[PDB]
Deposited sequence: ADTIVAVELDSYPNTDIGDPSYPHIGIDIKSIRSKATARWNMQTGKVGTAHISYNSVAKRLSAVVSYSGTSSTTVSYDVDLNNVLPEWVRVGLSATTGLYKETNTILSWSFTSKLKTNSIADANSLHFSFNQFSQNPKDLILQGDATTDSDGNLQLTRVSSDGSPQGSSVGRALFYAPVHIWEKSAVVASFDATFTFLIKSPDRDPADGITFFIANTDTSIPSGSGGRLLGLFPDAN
């Protein structure tokens, strides 16, 4: 199967596959069962911001998720990613709904990777109706306001359940190379999660995988479109 590293913004607690009993942000290394989590004061209807960073010297993957004036949650995990990930990757965003639902609207997304002794940076502050520099998978679409709807939304804006969708950047990324002195990446995205459900679900991830990654069978709902099971 795919090799996966992800930062999950998990709005629904699936305690039966390892979630804490509350909304949380998590660092996922090849398993939906996060190696590290932090409690997420998830706000429906307000725009959030996530920042993710890593470098091969400090070897500490970190993420912070914030709502302006409201809250900020941070999670870190010490991991040598050059030991987990292949040399060439694609980076992306994923989102699911399940029994319960939410909009998983991406308003912006940027990413930088550096291979020091290669550089790649992209920034999207609007998404075009046919984004030729993105690989849209599952239900992911871009809409009339220029936003990226990772999961299905009806004509009036209502989120639908049992949705899975992902967007990967078109170009493979060279995230490590044996002659590199240091490899680093940074990622930021802003997101709007709306829901009429008392318990919204399921969440959004930023993720790095093998370049030929695709939505695994059975990855809906709590598996965030990333893993075929909860191992």
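Numbering the deposited sequence from 1, one finds a lone region with no C-alpha coordinates, namely 118-123.
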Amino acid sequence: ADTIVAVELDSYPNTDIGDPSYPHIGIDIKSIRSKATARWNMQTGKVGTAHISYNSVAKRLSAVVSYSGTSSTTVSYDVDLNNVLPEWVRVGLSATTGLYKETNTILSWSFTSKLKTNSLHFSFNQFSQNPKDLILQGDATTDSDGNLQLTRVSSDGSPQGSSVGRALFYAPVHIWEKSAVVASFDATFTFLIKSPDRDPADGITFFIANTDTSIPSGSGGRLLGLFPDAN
From here on, numbers count along this sequence of modelled residues.
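Between the stretches 165-173 and 193-201, it is 193-201 that shows the larger average CA temperature factor. 90-98 and 75-83 differ in mean CA B-factor, and the higher of the two is recorded for 75-83.
Set against one another, the Cα B-factors of 37, 49, 41, 55 in the record reach their highest point at 41. The PDB entry gives the largest Cα B-factor of the residues 113, 110, 137, 144 to 144. The PDB entry assigns residue 7 a C-alpha temperature factor belonging to the lowest third of its chain's modelled residues. Per-chain ranking of the deposited C-alpha B factor places residue 213 in the middle third. When the CA B factors of the chain's modelled residues are split into thirds, the value for residue 158 lands in the highest one. The entry lists a Cα temperature factor for residue 123 that places it in the lowest third of the chain's modelled residues. Remark: residue 224 belongs to the lowest third of its chain, ranked by C-alpha B-factor as recorded.
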